[PDB]
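Heads up: the structure comes next, in structure tokens.
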Amino acid sequence: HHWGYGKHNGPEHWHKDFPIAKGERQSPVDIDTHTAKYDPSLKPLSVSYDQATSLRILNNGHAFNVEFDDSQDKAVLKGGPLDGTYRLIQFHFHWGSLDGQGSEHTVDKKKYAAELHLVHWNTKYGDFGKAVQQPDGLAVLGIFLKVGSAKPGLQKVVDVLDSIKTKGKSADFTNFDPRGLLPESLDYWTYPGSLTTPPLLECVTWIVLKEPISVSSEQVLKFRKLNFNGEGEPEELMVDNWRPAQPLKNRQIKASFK
Ligand SMILES: NS(=O)(=O)c1ccc(NC(=S)N[C@@H]2CCN(c3cccc([N+](=O)[O-])n3)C2)cc1
Ligand SMILES: [Zn+2]
């Protein structure tokens, strides 16, 4: 009886195995655009993905993860609110059963169709497993997806999803360039939060881009054909794998832009 997104094991239940679910810096949150503070001392984000080395794609039973070689500074995030260098380890998405929901963060209570999380860890902690134990261990770059025009840089991901339909399936996924998933602007909101799935560790500096990317109806429909279950288990579509907005508590969301 492990956590998930169903009636009996979904976000309202998590606190029973993961009591930090009710903690002081949980994610996601609503981004109230009118009460976010412009911080004119925030640095431009530096996204350095030219040397990114993607390895594989995995259906872990909660989402699909595109994994990268994080054994050297190949794909890094710097600047913005961050001190030091964070390495890209993986990206994944959260999405809805319907275009009117699927994002974890909301903007003035608006839900997008999906949300992309590019997960990075602070190199001063040596590996991802150490980093998640530290209050400054991770930087997650969050990008909203709306349904409209296709995103061409997403299509390689959409086309491989047939090979990882079920929990535990993996496929080789080399030479994927995550720069093809970024919007034009790197204007952002930032706040201190958590992982949005168990174990809900309060180790994340969230960086949420103002500008969504547009994906096609056919691209998000292909996400909804995935399964939460393993092969040979009853079929349950992988949809609505999002945690709702949590209380902001004693936090201020800062903006890089006026
Ligand atoms: N949606 S999200 O972007 O907030 C986001 C959510 C979940 C993860 N977790 C990933 S990719 N791997 C898991 C999470 C933490 N983890 C554990 C668990 C307990 C202890 C340790 N350890 O060794 O210190 N490691 C391995 C990344 C990102
Ligand atoms: Zn996520």
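Just remember, in the structure tokens the first chain shown is A, the second B, etc., residues are 1-based per chain, and ligands are 1-based in the order shown.
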Please provide as a short mmCIF file (atom, residue, chain, number, x, y, z; two decimals) with C-alpha atoms, in the first residue's frame all residues within 10 Å of region 159-176 of chain A, with the sequence filter that same-chain residues fewer than 2 positions apart are discarded (counting only C-alpha atoms).
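Written file, result.cif:
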data_model
loop_
_atom_site.label_atom_id
_atom_site.label_comp_id
_atom_site.auth_asym_id
_atom_site.auth_seq_id
_atom_site.Cartn_x
_atom_site.Cartn_y
_atom_site.Cartn_z
CA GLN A 51 27.32 19.48 -23.15
CA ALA A 52 24.30 17.61 -21.70
CA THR A 53 24.60 13.78 -21.94
CA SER A 54 21.16 12.10 -21.73
CA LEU A 55 21.35 8.34 -20.94
CA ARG A 56 17.93 6.78 -20.63
CA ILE A 57 14.23 7.20 -20.05
CA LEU A 58 12.44 5.36 -17.21
CA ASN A 59 8.76 4.88 -16.21
CA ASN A 60 9.11 4.74 -12.40
CA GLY A 61 5.34 4.26 -11.77
CA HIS A 62 4.73 7.97 -10.82
CA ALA A 63 6.09 9.75 -13.98
CA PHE A 64 8.76 9.22 -16.65
CA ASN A 65 12.29 10.44 -15.97
CA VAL A 66 14.90 11.32 -18.65
CA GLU A 67 18.21 10.72 -16.87
CA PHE A 68 21.57 12.42 -17.56
CA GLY A 153 12.03 19.70 -29.07
CA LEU A 154 9.61 17.51 -27.07
CA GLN A 155 8.77 15.10 -29.95
CA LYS A 156 11.78 12.77 -29.37
CA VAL A 157 10.43 12.20 -25.83
CA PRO A 178 17.05 19.70 -23.14
CA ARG A 179 17.60 23.23 -24.57
CA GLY A 180 14.75 22.31 -26.97
CA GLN A 219 1.85 15.48 -27.53
CA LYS A 222 0.66 10.60 -25.66
CA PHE A 223 1.61 11.31 -22.03
CA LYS A 225 -1.39 6.76 -22.65
CA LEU A 226 1.30 5.80 -20.09
CA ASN A 227 0.48 3.46 -17.14
CA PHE A 228 1.09 3.68 -13.41
CA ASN A 229 0.99 -0.14 -13.15
CA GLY A 230 3.50 -2.75 -14.19
CA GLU A 231 3.03 -4.99 -17.23
CA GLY A 232 0.55 -7.77 -16.35
CA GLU A 233 -1.05 -5.72 -13.52
CA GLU A 235 -4.16 -0.97 -16.37
CA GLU A 236 -4.41 2.39 -14.69
CA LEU A 237 -3.57 5.37 -16.92
CA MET A 238 -0.79 7.63 -15.70
#
With only C-alpha atoms as the counted atoms, please give the residues lying no more than 9 Å from residue 247 (chain A), apart from itself and same-chain residues fewer than 6 positions off, as a tab-separated table (two decimals) with N, CA and C atoms, in the first residue's frame.
chain	number	residue	atom	x	y	z
A	24	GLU	N	6.96	23.14	6.99
A	24	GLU	CA	7.03	24.61	6.87
A	24	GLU	C	7.45	25.09	5.49
A	25	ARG	N	7.89	24.23	4.57
A	25	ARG	CA	8.36	24.69	3.24
A	25	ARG	C	8.01	23.59	2.25
A	26	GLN	N	6.73	23.28	2.18
A	26	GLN	CA	6.26	22.27	1.18
A	26	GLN	C	5.95	22.92	-0.16
A	27	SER	N	6.07	22.08	-1.17
A	27	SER	CA	5.82	22.42	-2.56
A	27	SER	C	4.81	21.46	-3.15
A	28	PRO	N	4.11	21.86	-4.20
A	28	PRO	CA	4.15	23.18	-4.85
A	28	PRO	C	3.35	24.21	-4.03
A	29	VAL	N	3.21	25.40	-4.60
A	29	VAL	CA	2.47	26.53	-4.02
A	29	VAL	C	1.77	27.23	-5.17
A	30	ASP	N	0.75	28.02	-4.80
A	30	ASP	CA	0.20	29.01	-5.71
A	30	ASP	C	1.20	30.16	-5.78
Q: List the neighbours of region 70-85 of chain A out to 9 Å using only C-alpha atoms; skip same-chain residues closer than 4 positions along the sequence, and give me the result as a VMD selection string.
A: chain A and resid 42 to 53 89 to 90 120 to 124 127 136 139 141 188 190 to 191 205 207 256
Q. Within 9 Å of ligand 2, counting only C-alpha atoms and all ligand atoms, which protein or nucleic acid residues do you find, written as a VMD selection string?
A. chain A and resid 63 91 to 94 104 115 to 119 140 142 195 to 197 242
Could you write out the selected residues, including N, CA and C atoms, as an mmCIF file, in the first residue's frame?
data_model
loop_
_atom_site.group_PDB
_atom_site.id
_atom_site.type_symbol
_atom_site.label_atom_id
_atom_site.label_comp_id
_atom_site.auth_asym_id
_atom_site.auth_seq_id
_atom_site.Cartn_x
_atom_site.Cartn_y
_atom_site.Cartn_z
ATOM 1 N N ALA A 63 5.872 8.874 -12.813
ATOM 2 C CA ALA A 63 6.093 9.748 -13.980
ATOM 3 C C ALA A 63 7.069 9.037 -14.933
ATOM 4 N N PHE A 91 15.076 15.098 -15.860
ATOM 5 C CA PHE A 91 13.835 15.841 -15.924
ATOM 6 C C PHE A 91 12.646 14.884 -16.000
ATOM 7 N N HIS A 92 11.498 15.380 -15.628
ATOM 8 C CA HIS A 92 10.229 14.674 -15.665
ATOM 9 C C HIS A 92 9.111 15.667 -15.801
ATOM 10 N N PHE A 93 7.895 15.165 -15.958
ATOM 11 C CA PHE A 93 6.695 15.992 -16.077
ATOM 12 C C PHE A 93 5.614 15.476 -15.133
ATOM 13 N N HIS A 94 4.735 16.435 -14.798
ATOM 14 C CA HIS A 94 3.469 16.111 -14.128
ATOM 15 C C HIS A 94 2.367 16.612 -15.058
ATOM 16 N N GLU A 104 1.597 21.496 -11.077
ATOM 17 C CA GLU A 104 1.736 21.426 -9.584
ATOM 18 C C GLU A 104 1.687 22.856 -9.045
ATOM 19 N N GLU A 115 3.528 20.361 -16.230
ATOM 20 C CA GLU A 115 4.677 21.083 -15.679
ATOM 21 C C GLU A 115 5.916 20.204 -15.817
ATOM 22 N N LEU A 116 6.933 20.786 -16.386
ATOM 23 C CA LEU A 116 8.249 20.163 -16.563
ATOM 24 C C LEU A 116 9.169 20.525 -15.420
ATOM 25 N N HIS A 117 9.782 19.558 -14.790
ATOM 26 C CA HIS A 117 10.765 19.745 -13.706
ATOM 27 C C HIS A 117 12.128 19.292 -14.133
ATOM 28 N N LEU A 118 13.091 20.192 -14.309
ATOM 29 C CA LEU A 118 14.498 19.893 -14.575
ATOM 30 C C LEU A 118 15.244 19.892 -13.265
ATOM 31 N N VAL A 119 15.652 18.762 -12.754
ATOM 32 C CA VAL A 119 16.174 18.570 -11.397
ATOM 33 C C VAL A 119 17.682 18.647 -11.379
ATOM 34 N N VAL A 140 15.261 23.036 -8.646
ATOM 35 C CA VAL A 140 14.355 22.484 -9.661
ATOM 36 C C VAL A 140 13.842 23.640 -10.494
ATOM 37 N N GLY A 142 11.256 24.774 -12.986
ATOM 38 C CA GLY A 142 9.879 24.417 -13.344
ATOM 39 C C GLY A 142 9.391 25.215 -14.515
ATOM 40 N N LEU A 195 10.652 18.634 -2.384
ATOM 41 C CA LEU A 195 10.193 17.704 -3.411
ATOM 42 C C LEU A 195 8.676 17.683 -3.384
ATOM 43 N N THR A 196 8.049 17.475 -4.533
ATOM 44 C CA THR A 196 6.598 17.439 -4.599
ATOM 45 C C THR A 196 6.072 16.000 -4.533
ATOM 46 N N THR A 197 6.927 15.009 -4.361
ATOM 47 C CA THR A 197 6.545 13.607 -4.154
ATOM 48 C C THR A 197 7.259 13.174 -2.897
ATOM 49 N N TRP A 242 -0.022 14.943 -10.081
ATOM 50 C CA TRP A 242 0.322 16.248 -9.508
ATOM 51 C C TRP A 242 -0.168 16.348 -8.086
#
**Q.** Every residue of region 85-129 of chain A that DSSP places in strand (DSSP E), as a list in words
**A.** residues 86, 87, 88, 89, 90, 91, 92, 93, 94, 95, 106, 107, 114, 115, 116, 117, 118, 119, 120, 121 and 122 of chain A
Print the selection's residues with N, CA and C atoms to a file, as a compact mmCIF listing (two decimals), in the first residue's frame.
# COMPACT_ATOMS: atom_id res chain seq x y z
N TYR A 86 24.83 23.78 -9.78
CA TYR A 86 23.94 22.62 -9.68
C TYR A 86 23.95 21.85 -10.99
N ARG A 87 24.12 20.54 -10.89
CA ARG A 87 24.19 19.66 -12.06
C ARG A 87 22.81 19.05 -12.35
N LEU A 88 22.46 19.03 -13.64
CA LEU A 88 21.24 18.34 -14.09
C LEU A 88 21.39 16.83 -13.95
N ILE A 89 20.43 16.24 -13.25
CA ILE A 89 20.39 14.76 -13.08
C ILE A 89 19.28 14.15 -13.88
N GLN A 90 18.13 14.79 -13.99
CA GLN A 90 17.00 14.22 -14.69
C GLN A 90 15.97 15.31 -14.92
N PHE A 91 15.08 15.10 -15.86
CA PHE A 91 13.83 15.84 -15.92
C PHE A 91 12.65 14.88 -16.00
N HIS A 92 11.50 15.38 -15.63
CA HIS A 92 10.23 14.67 -15.66
C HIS A 92 9.11 15.67 -15.80
N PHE A 93 7.89 15.17 -15.96
CA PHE A 93 6.70 15.99 -16.08
C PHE A 93 5.61 15.48 -15.13
N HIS A 94 4.74 16.43 -14.80
CA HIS A 94 3.47 16.11 -14.13
C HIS A 94 2.37 16.61 -15.06
N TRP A 95 1.30 15.87 -15.24
CA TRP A 95 0.24 16.26 -16.19
C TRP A 95 -1.14 15.78 -15.75
N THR A 106 0.64 26.70 -9.42
CA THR A 106 -0.41 27.48 -10.08
C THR A 106 0.01 28.94 -10.09
N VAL A 107 -0.62 29.67 -10.97
CA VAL A 107 -0.28 31.11 -11.11
C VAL A 107 -1.58 31.87 -10.96
N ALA A 114 0.32 20.86 -17.79
CA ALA A 114 1.45 20.06 -17.34
C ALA A 114 2.55 20.99 -16.86
N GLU A 115 3.53 20.36 -16.23
CA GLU A 115 4.68 21.08 -15.68
C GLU A 115 5.92 20.20 -15.82
N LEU A 116 6.93 20.79 -16.39
CA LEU A 116 8.25 20.16 -16.56
C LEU A 116 9.17 20.52 -15.42
N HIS A 117 9.78 19.56 -14.79
CA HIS A 117 10.76 19.74 -13.71
C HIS A 117 12.13 19.29 -14.13
N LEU A 118 13.09 20.19 -14.31
CA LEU A 118 14.50 19.89 -14.58
C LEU A 118 15.24 19.89 -13.27
N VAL A 119 15.65 18.76 -12.75
CA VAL A 119 16.17 18.57 -11.40
C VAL A 119 17.68 18.65 -11.38
N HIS A 120 18.23 19.53 -10.54
CA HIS A 120 19.66 19.74 -10.39
C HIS A 120 20.09 19.60 -8.94
N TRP A 121 21.31 19.15 -8.72
CA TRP A 121 21.83 19.06 -7.34
C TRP A 121 23.13 19.85 -7.18
N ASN A 122 23.28 20.36 -5.96
CA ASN A 122 24.41 21.21 -5.59
C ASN A 122 25.70 20.39 -5.54
Q | Closest of A:200, A:182, A:131, A:113 to residue 14 (chain A) - atom-to-atom distances counting only C-alpha atoms | A |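 Closest candidate: A:200.
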Q) Quick one, how far is CA of residue 192 (chain A) from CA of residue 17 (chain A)? A) 22.6 Å
Q: Find the residue from A:198, A:100, A:212, A:234 that sits nearest to ligand 1; use only C-alpha atoms and all ligand atoms when measuring.
A: A:198
